[PDB]
Each structure stands twice: as structure tokens, then as C-alpha cells.
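Take a look at the structure set out below.
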Amino acid sequence: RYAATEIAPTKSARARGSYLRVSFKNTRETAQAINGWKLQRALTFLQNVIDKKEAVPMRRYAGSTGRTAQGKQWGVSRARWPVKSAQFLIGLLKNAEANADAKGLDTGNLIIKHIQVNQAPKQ
Amino acid sequence: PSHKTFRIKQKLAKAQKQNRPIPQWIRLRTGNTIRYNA
Amino acid sequence: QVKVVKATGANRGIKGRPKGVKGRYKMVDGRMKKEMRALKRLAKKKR
Amino acid sequence: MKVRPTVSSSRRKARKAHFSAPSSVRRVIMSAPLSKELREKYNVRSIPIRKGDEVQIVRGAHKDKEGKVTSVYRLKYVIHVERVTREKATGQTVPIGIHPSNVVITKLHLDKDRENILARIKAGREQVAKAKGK
Amino acid sequence: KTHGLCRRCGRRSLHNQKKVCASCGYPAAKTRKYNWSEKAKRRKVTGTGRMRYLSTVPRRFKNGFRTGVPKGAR
Amino acid sequence: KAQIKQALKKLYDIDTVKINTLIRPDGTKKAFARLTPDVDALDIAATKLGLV
Amino acid sequence: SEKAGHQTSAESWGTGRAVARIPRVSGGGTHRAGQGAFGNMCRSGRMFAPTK
Amino acid sequence: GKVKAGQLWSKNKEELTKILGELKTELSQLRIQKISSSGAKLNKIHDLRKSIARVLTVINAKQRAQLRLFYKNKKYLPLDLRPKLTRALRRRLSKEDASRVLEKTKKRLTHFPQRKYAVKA
RNA sequence: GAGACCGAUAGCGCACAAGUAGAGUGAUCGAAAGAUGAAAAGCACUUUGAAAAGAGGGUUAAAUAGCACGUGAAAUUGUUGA
RNA sequence: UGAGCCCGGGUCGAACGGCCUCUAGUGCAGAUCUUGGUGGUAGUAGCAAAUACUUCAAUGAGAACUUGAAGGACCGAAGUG
RNA sequence: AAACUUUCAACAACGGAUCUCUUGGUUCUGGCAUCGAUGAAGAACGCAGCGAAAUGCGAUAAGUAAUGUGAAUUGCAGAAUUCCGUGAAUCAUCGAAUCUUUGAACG
Ligand SMILES: [Zn+2]
């Protein structure tokens, strides 16, 4: 169904994952980190986060996080490397890129127009 | 232990027989409400 | 002798004997604070 | 209005009986009407449906279409009419469950038992018609 | 352990010293039963099992305990 | 063992040197019948047992 | 039914425990254990002034 | 592999035993050859099992009919042939003993039995 | 056979494989749990993915009904807008 | 005036309402109320001791805790047999 | 200015309230009287082509005989039924049987 219903489905690409076993708070923080970016920039950034070359800022769910110079890229002090959330977002972004390839859209001019993380039923 | 009786052995076999899963064709029967073993 | 136990922390909402090893114990609450104040005001009124 | 104390107007009991009826009671329930030509031929209104009957579907999405009964599936109170099928996703055709009250019988599968059933129904109807007339 | 299996009622409740079932009292002919436990009474009352023969009695009563075969049966 | 030997003799005409029995965990009995040297186990299994 | 709400074994935990002074079902191996009973405000309990 | 109840009723004891033996032998052999490629052979085995049950029922029924004819005019019958009814009904007084009445009551009823009468409005 | 009764936190503890799962050495204690759709017609085929699944496509009056299934509140949460 | 009543837009799919009487298991913010669900605390407290691990290669989508070889340690017959 | 905290809205989540339904419960009324040594109630183990529970049955084992009905069962697989017939059926009735180990339980 998707939250952003104002986008026509013939001109965009989409991806979804449900009941994903990963931290909701960290996943939200890294989604906000990659929100509004171009696809290649987001993919490279997520790989760098996995490699601990760049870190995502922790904005809201940031209790007792160490300070790192990498956070200066965001104008913040609390940065962290959510490896698992980064891998999950890489999987969904690659699925969305594959859907764009199938639909015939240009992959070099795609931006992350909408990204959302919600809470799944607790286990 | 190693020392037991054929009756208790048969009871353990029956316990396993209850501790088997459920059949897919049972699941596919019409009017069926059985989903998983309880 | 009788040790008084507050029903807070690990002792809040427990069925019976807490971890306190003793002959006789007594659970207390603020509800019991008000009961105790009522009993003493009745006693003072009687006296 | 009911008079005999044996019968009950209980919705609960009526639905329980309908949905837990055995196969013979289900057959009697899935009785179906006869066509007009058969009506003035046999003096019979309705008869239980069976596998060899030719029926005409006159209710449902299938407007006025004929066919031989393929199977009387007594378990869910439906019958299968030949060539009245829908394709699944895979393209395999599955029969559509149709109800005997929605079908009407055009050609009737004949044997000794059904000839006897028709004779009994006709005998009762004509006896009562004669009694009412004179 | 003070309780093994009882052959009459099937519960792991026969004392191994007293040799008496704490649930039914197996060595005694009667089945243990008390009126202060309606839940136990309704746990082990008639109808909680198989009804081997008492389930078949009522139809024979209905037909009147009649014996024989139908006339003309092969 | 006596009943098993008698059954294999009378029904399927099999002579057995000895029989060893066990009870499987499920509750059925398994019998190993070691036959006489004259007869051939492969031939008997192919003929009377329908086993390859 | 006159037996409705009373087919249970419940006893109040006490006064000094930081829980409501209500009868609670004994046991310890089910959801029903520790839950309130015997009251008109409790789930699966007796109704106020049962109909006669 | 279906045996007919009417044919079994027509047949006598020796033929019934012969058919039972043939069915048992066939069932054993076909089970042995069934354990591999159990199929329509399984259907056939179900058929012979039901047929064996039917033949056994017919043999038992004929034997019981013969025994009842033998004990037709005897005071004590086997407990299997005695009617079941209920334990209380079996313990109950017979119809003759329940209807038996004293001679003086019989005389009183003979000479003063309930009369038929009516009272005018 | 009935009712100016109750309507899934109600009504018997049990509308369901409930005196069941489970707890206790034992006497005993003892739950939670109903609803797709008229009909499974319960998604063929293509593509991404190790897979779970996703995206096209399709069934249906409806998938804003996908067997986490009638309708789908609040508490609480995410995204966007101010 | 008010408790409330009525309409529009969206969702939904099978029953419901006004008026006059009758009837009651009829109106909630509390009861350390009952049942269920959900938050802040919080990605916080925390995930112990048994000295110890390392290189190459293999399987696998993925290898610190899966394997083979090589090292470096240990139980030390009152054993980690 | 962004971020963060908070307010409102749209959509999407969590959760299962409301409305609707009900092969269930509860209460009342009416006809009738029927467990067991001819082995009861209860407990156990077996039995289906593919079944664990529930249900049915007892080595004749999801059953046999008989009577009636009259063309099925159904999730799949395999056989039927000649339909002008002693005859399908997880059918109904039911007068005949089979009825493992125990349990008043009885070498
Ligand atoms: Zn006992």
C-alpha cells in the first residue's frame, strides 16, 4: 500500500521488507542518514558504514554514544556504525534498483524519494 | 535406563508418535481448522 | 525481631516470603500508612 | 404457523441440522425442480439430483446455460455441471460449484428406482387432487 | 520418588511405601471420591471416557430390548 | 522363534538354520533368519519376496 | 448459573504487598495463576447480584 | 477380490473354510510382494481383508444358528446365546411369576369382577 | 420444545483436537485461543534476491479481503506537510 | 446553557432508526480496581572466572567460535581419560 | 537555517476496541425410565494407502452381518456401477456378530 501514495507507480521504483530482525532504532537512524540521497551515493555510504569508514549520526535514539570525528560530516558528535541495518538497507536498495532496471528507468538519476521504518510486532 | 520393559518401550514409541508433525493433506481437507500440533 | 519489609524493588508484588531469611517478617505499604493513621486517630479519640 | 409439538422453529437447531446432516439428508436437501415438459409428463415438481441428469443453470453468473451433471459433491452442497468451469492461475480448469436450487432438470436419468420415486410422487399428487376436486 | 504409576486410574500417584493411590485408592475396591471436590468428581465421572457399552444401551431400550432377526432377512 | 520358523517353513518353504529376534523402538519385532547353506538368499529374495 | 464465578480457588495475597487486596487464583503454571477472581469487577468473575 | 454375502450364505461350511484359506494365503503372498510397489495391490489387500471379515462373520453366524437349533428344546443355553437385555431385566421376575396370584384372590375376581356401567345425566 | 436471557474480557472453566496445554511429589490447580472470500478463483508466468521475500503481472465486486486474512478505535510509532 | 442531537466528506459491507409505553446485568478518572495492549527509562544496566590464541587452505551467499594441515598452550592415570 | 522537543493534519505502522454474526452457554417447561461377573464406569495399547489430535473401531480393528434408501466418497491416488441392480455411500436404521491388556477384576 505504501505511505507515500502521491507517487504514480509507473514512473518510480519501490521495495519493501517486513518483519525484519534488526534494531528498529538503529534502522531508523540509518534510514534518516540515507534519506533524500542519490542511489549510488547511498550505496557507497552504506558500504563505508559497514567498513567503518563513515558513520551515521544518531539523532533521537542516541543514548550514551561515543564521539567520533566522522560525525563532523553531519555537524554532530554522536556517530555510530549500524552494520546490520546498513546490510538490510543495501539489500532493499539493490532490490529497488533491480525493479528500476526492469521498469526501464535511468539508474544514474534516481534519488531516495521516500524511506520509512516502522515497528513490527515484537518477538 | 538400559533396563526396561516392552510395555514402557511401547509407551515411549507412542509418545514419539504423538510427537510427530501434522500432514499437509490434513491441512488441505475441506472444513479443516487444524493448523499446527499442540 | 520481626523485620519490616517494604514492597518495593524485588519485593513489590511477590506471593510470599521474600529473600530475607528471618523468623518473622511484615510487609508494609503506603496504603497501610493510611490504615495506621486511621487506627491511631481512632485510638486517640477513644483515649 | 407450526402446530405439531415435534417440529421446532429454532434457528439454532435448524442450522445445526442443515450443516451436520448426513449424506442421505443432504441428497433430499439437494433435490432440484423439473422442467415444465417433465412437469406435465410426470406430474412431479421436484426430485433429488443425481449424477446422470441434464440440467439448465438459470441462476447466477451463468445465465441460461445447459449441461450434464458431472458430480454431486454432497459435502459442500454443490453439484458440478459439465463445461461450466473456470481456469485457475495455472490454466487448469476447475468446476464451478452450483446449487441444485439454482439449476433446473431438463433430461432425467432413468432407472427402476427413479421410476418408482416418480410414481410415488405422482400417486400422492393425483390422490390429493382427486380428494380436493371431489 | 513417592508416586509411581497406578494401573486403575493411570496417574503417577501410587505411593511407593503405602502402596495406595492418592487419587483413586487402587487397592481398595471403591474409587476414591469426596463431595468437597466437585472438580475432581466431574474430572472422573461418567462421560469423561469412552462409553463402551452404556453408550449402546439406550438404542436397545428404544427398540424395547427386542431380539431376533427381521422377517425375510437373508 | 519356534512360531517364526514354523511360519517360514509352512508358508514360503524356507529352511532356516537359526532365528535372532529383537524388538524395535517403535514396538514391532524384527527377525533375522539365517537360512540353510543349500538354499540361496538372493534367489529366494528374487523369487518369493520380490526384492532386488 | 449459581456456580458462575465461584468455580475457582482464590485467596487474597495480603495487605502489605503492593497489589490490590483481591482474591487471586493459586497455581503457578498458567495464565490464570495470580489473576483476580471472585469479584464483580474482575474478568471471569461473579456478576453483581446474580439473577435468580 | 470382493466376496459376496449372498454367495457366502448359499455356500456351506467346507466351501467357506476353503475360501477362507485361499483368501488368507493370497493375502499373505500379496502382502509379501506388496511391501515393494504397494499400490492397487494395497487396494486389493483392503478388499481381501474385508472379504475375510465377511467370510468369518458368515461362518460364525451359521454356527450360531446351528447351535440355537440344537439348544431349541433344552433348559440351559450357552451364555453367549442367552438374551442380553439388562442385568436388572434379567434379574426381574418372569411374566408368569409376576402375573401369578393367590387362589382366594382369583375366586374373588372370578365372582365379583369390575362391571361396566354408566350414570345418566 | 421454548425465552422481554448472554453474545467471545459476555454466557458453564471450556462456542475451537478444554478438563486440553501447562504447574505441583501428591491431594489438586487450571488457562489463552471464533469470523478471507459467493466461490480458493489461496496469485500462473517474468525479473531481483543465497533465501525469506520484493517488484511487474494475474484472480476477485473488492487484495483499501493474501489463509500475520470481516470491519479495524485509542494508547504508542514512522514519514511527509505547516 | 448543558448532558447531547443532526448533516457533509472518507472507509465499509448487512442490517438499523424516530415516536408512545414496558423492562433492566443501563451511563466511570480514580477503587495500591480486573483483563489486555502500549510507552519513558533505553539501544541504557548489562552479556562473569576457568591464563590463549595464530597462519595457510577447503566448503559456503555469508566463517573469530565449520573443517584439514602447521604452530603456541592445557587436563597430567586422586584426568578436561 | 538544519537537528532535537512539542502541537495539528495526511498516509503508513502497533494493538484488537466498536458494529455485525454464532452448529455455544444459561433458564424454564414437557414425554419416558435404560449401567455392571452375559464383565460396567474408568485407564492403556493397537487399527486408515498416505493421520499427529479429536472421532470411530478392536488382530473380523476410521470396521463385518442384516434392513432401508437409492448412485456415491473426496485433499490426493487407485478401483467402481454396467444404470434396467440383492446395489455406491466417512449414508441411515439396526434385531446378528467380532470385541486386545487392565479395571468390582476373578488361577
Ligand atoms: Zn489410581
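Ordering of the C-alpha cells sets the chain letters (A, B, ...), residue numbers begin anew at 1 in every chain, and ligands are numbered from 1 in the order given.
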Checklist line | Distance filter 10 Å around ligand 1, atoms: only C-alpha atoms (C1' of nucleotides) and all ligand atoms, out as a list in words | finding: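 I would give the residues around ligand 1 as residues 4, 5, 6, 7, 8, 9, 10, 11, 12, 13, 14, 15, 20, 21, 22, 23, 24, 25, 26, 27, 28, 31 and 32 of chain E; 43 of chain K.
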Contact check, chain A to chain J, at most 9 Å, counting only C-alpha atoms (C1' of nucleotides), closest pairs as JSON lines:
{"residue": "A:23", "atom": "CA", "partner": "J:43", "partner_atom": "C1'", "distance": 8.3}
{"residue": "A:25", "atom": "CA", "partner": "J:43", "partner_atom": "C1'", "distance": 7.3}
{"residue": "A:26", "atom": "CA", "partner": "J:43", "partner_atom": "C1'", "distance": 7.9}
{"residue": "A:61", "atom": "CA", "partner": "J:43", "partner_atom": "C1'", "distance": 7.1}
{"residue": "A:62", "atom": "CA", "partner": "J:43", "partner_atom": "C1'", "distance": 7.7}
{"residue": "A:63", "atom": "CA", "partner": "J:44", "partner_atom": "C1'", "distance": 6.8}
{"residue": "A:64", "atom": "CA", "partner": "J:44", "partner_atom": "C1'", "distance": 7.5}
Check: Near residue 6 of chain H, within 12 Å and counting only C-alpha atoms (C1' of nucleotides), which residues show up once chain neighbours fewer than 6 positions away are dropped, as a ChimeraX atom specification?
Finding: /E:73-74 /H:12,54-55,58 /K:65-66,86
Would you put the residues from that selection into a file with N, CA and C atoms (P, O5', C5', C4', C3', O3' and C1' of nucleotides), as a PDB file, in the first residue's frame?
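Heads up, here's the output in result00.pdb:
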ATOM      1  N   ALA E  73     -35.176 -61.665   6.212  1.00  0.00           N
ATOM      2  CA  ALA E  73     -33.773 -61.331   6.014  1.00  0.00           C
ATOM      3  C   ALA E  73     -32.971 -62.573   5.647  1.00  0.00           C
ATOM      4  N   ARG E  74     -31.963 -62.381   4.802  1.00  0.00           N
ATOM      5  CA  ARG E  74     -31.107 -63.487   4.393  1.00  0.00           C
ATOM      6  C   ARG E  74     -30.088 -63.816   5.479  1.00  0.00           C
TER       7      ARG E  74
ATOM      8  N   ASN H  12     -21.814 -73.744   1.956  1.00  0.00           N
ATOM      9  CA  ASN H  12     -21.802 -74.489   3.207  1.00  0.00           C
ATOM     10  C   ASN H  12     -20.445 -74.347   3.903  1.00  0.00           C
ATOM     11  N   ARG H  54     -15.877 -60.718   6.235  1.00  0.00           N
ATOM     12  CA  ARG H  54     -17.208 -61.154   5.823  1.00  0.00           C
ATOM     13  C   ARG H  54     -17.363 -62.669   5.915  1.00  0.00           C
ATOM     14  N   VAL H  55     -16.365 -63.416   5.441  1.00  0.00           N
ATOM     15  CA  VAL H  55     -16.437 -64.873   5.481  1.00  0.00           C
ATOM     16  C   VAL H  55     -16.465 -65.369   6.919  1.00  0.00           C
ATOM     17  N   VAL H  58     -19.922 -64.857   8.291  1.00  0.00           N
ATOM     18  CA  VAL H  58     -20.884 -65.836   7.790  1.00  0.00           C
ATOM     19  C   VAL H  58     -20.701 -67.181   8.486  1.00  0.00           C
TER      20      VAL H  58
ATOM     21  P     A K  65     -20.693 -56.745   5.377  1.00  0.00           P
ATOM     22  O5'   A K  65     -21.657 -57.678   6.235  1.00  0.00           O
ATOM     23  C5'   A K  65     -21.589 -59.092   6.132  1.00  0.00           C
ATOM     24  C4'   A K  65     -22.569 -59.765   7.057  1.00  0.00           C
ATOM     25  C3'   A K  65     -24.032 -59.423   6.840  1.00  0.00           C
ATOM     26  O3'   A K  65     -24.609 -60.147   5.770  1.00  0.00           O
ATOM     27  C1'   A K  65     -23.534 -59.308   9.146  1.00  0.00           C
ATOM     28  P     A K  66     -25.539 -59.399   4.697  1.00  0.00           P
ATOM     29  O5'   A K  66     -26.863 -59.059   5.509  1.00  0.00           O
ATOM     30  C5'   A K  66     -27.671 -60.090   6.051  1.00  0.00           C
ATOM     31  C4'   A K  66     -28.748 -59.526   6.938  1.00  0.00           C
ATOM     32  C3'   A K  66     -29.626 -58.457   6.308  1.00  0.00           C
ATOM     33  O3'   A K  66     -30.688 -59.016   5.554  1.00  0.00           O
ATOM     34  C1'   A K  66     -28.898 -57.739   8.444  1.00  0.00           C
ATOM     35  P     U K  86     -27.853 -58.124  -9.459  1.00  0.00           P
ATOM     36  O5'   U K  86     -28.377 -58.438  -7.989  1.00  0.00           O
ATOM     37  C5'   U K  86     -27.486 -58.430  -6.884  1.00  0.00           C
ATOM     38  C4'   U K  86     -28.096 -57.752  -5.683  1.00  0.00           C
ATOM     39  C3'   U K  86     -27.270 -57.787  -4.407  1.00  0.00           C
ATOM     40  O3'   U K  86     -26.264 -56.789  -4.379  1.00  0.00           O
ATOM     41  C1'   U K  86     -29.515 -58.369  -3.922  1.00  0.00           C
TER      42        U K  86
END
Next item on the list: Using DSSP on the backbone coordinates, identify the residues of chain B assigned to helix (DSSP H, G or I); present them as an MDAnalysis selection string.
Entry: chainID B and resid 6:18 24:28
